[PDB]
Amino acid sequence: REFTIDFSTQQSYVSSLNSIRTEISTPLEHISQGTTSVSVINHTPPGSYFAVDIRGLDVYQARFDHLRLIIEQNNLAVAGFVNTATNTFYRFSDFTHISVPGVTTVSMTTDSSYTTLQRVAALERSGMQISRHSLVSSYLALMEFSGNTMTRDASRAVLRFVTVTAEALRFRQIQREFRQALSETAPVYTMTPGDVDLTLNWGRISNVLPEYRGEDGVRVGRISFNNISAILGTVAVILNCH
């Protein structure tokens, strides 16, 4: 199973994400108003995965279109990044249960946690700047990467792509704020501390929403939801808590 996330324009980027969401998840009958709904990841056998092809970074600088991510379906966890030009799967430590056929799997020493990636990158997610220019630079770091230990530039590149591909699928707020950077008058998306709080509390969040029967509001951790228009505008896909 393969998907394309096209960063050409805002429309192609949003349609790419919503294409993945409907294939791998199903909306809740309690929180769903039109096309905008909060979905639950479809149950899949553990170890299942889908591919993500990073297209559309820039058309004028000749087609940086050979980067691929491997994502575990059960938890939307990026297991690694694939260099299709070299047919090399640079895979993290904690995803040994993810084997991709037809490629070469370089098993590394670094795991996938934000604790390790932030340290090696020397870059805080709170205040991290993602733009179309910096996304192109993030692509180059991952393509020019070789070895089995994550370098500073690669982690400064993985942190950016995971935020705009994996966490963007989970949280609609992250997708909405970043997609502005793909416009003609390209701004710079700046990851606020509130955006970081969302990603750190995904497990707590996915455990709550199935309860929601249309009450007044919801407060999990520091995440205060005033109404359902906040839920639909902040969270997009939640875990399948069985």
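We number the residues from 1 along the sequence you see.
Participant: Could you check which stretch, 31-39 or 179-187, carries the larger mean CA temperature factor in the entry?
Facilitator: If you average the C-alpha B-factors of 31-39 and of 179-187, the larger mean comes out for 31-39.
Participant: Can you tell me which stretch has the higher mean Cα B-factor, 149-157 or 131-139?
Facilitator: Averaging CA B-factors over each stretch, the winner is 149-157.
Participant: Of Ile174, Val52, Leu57, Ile205, which one's C-alpha B factor is largest in the deposited record?
Facilitator: If I rank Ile174, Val52, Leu57, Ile205 by C-alpha B-factor, first place goes to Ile205.
Participant: Pick out which of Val78, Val164, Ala85, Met108 has the highest C-alpha B-factor in the PDB entry.
Facilitator: Of the options given, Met108 has the highest CA B-factor in the PDB entry.
Participant: Lowest, middle or highest third: where is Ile5 by C-alpha B factor in its chain?
Facilitator: Lowest third - that is where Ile5 ends up once the chain's C-alpha B-factors are sorted.
Participant: How does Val14 rank on Cα B-factor within its chain, lowest, middle or highest third?
Facilitator: Lowest third - that is where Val14 ends up once the chain's C-alpha B-factors are sorted.
Participant: How does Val220 rank on Cα B-factor within its chain, lowest, middle or highest third?
Facilitator: Its C-alpha B-factor, which the entry lists for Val220, ranks in the highest third among residues of this chain.
Participant: Ranking every modelled residue in this chain by its Cα temperature factor as given in the entry, which third contains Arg63?
Facilitator: As the PDB entry reports it, the C-alpha B-factor of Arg63 lands in the middle third of its chain.
Participant: Taking only the Cα B-factors deposited for this chain, tell me whether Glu72 sits in the lowest, middle or highest third.
Facilitator: According to the entry, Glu72 has a C-alpha B-factor in the chain's middle third.
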